[PDB]
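Notes to accompany the following structure.
Chains as they are written, first to last, in PDB author numbering: chain C, 497 to 545; chain A, 27 to 50.
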């Protein structure tokens, strides 16, 4: 790789994020603020997405 | 040497709970 090269021959850095978006228990999450847990009412819920 | 496996070697196919059900 040289600084003079045409763009198709210039270096690019690549990062590929593979998600194990499985039914398995989570350890990487978005910054979502959790609530207290309501029971015995009809409610909306969001457990780990 | 050799021997018969019978019904050995089954494992849970995915990390989901299921109960009172037959799953293919």
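Here a beta-carbon is modelled for each residue, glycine too, at the ideal position from N, C-alpha and C.
- Across the structure, residue 539 of chain C and residue 532 of chain C are spaced so that their CA atoms are roughly 12 Å apart.
- Taking a Cβ-Cβ cut-off of 8 Å, residue 522 of chain C has no neighbours in chain A, whose nearest Cβ is about 12 Å from it.
- Close partners of residue 47 of chain A in chain C (Cβ separation under 9 Å) are lacking, with about 16 Å as the shortest Cβ gap.
- One Cα belongs to residue 42 of chain A, the other to residue 514 of chain C, and the distance between them is close to 21 Å.
- Residues of the same chain with a CB within less than 6 Å of the CB of residue 505 of chain C, apart from the 5 flanking positions on each side, do not exist.
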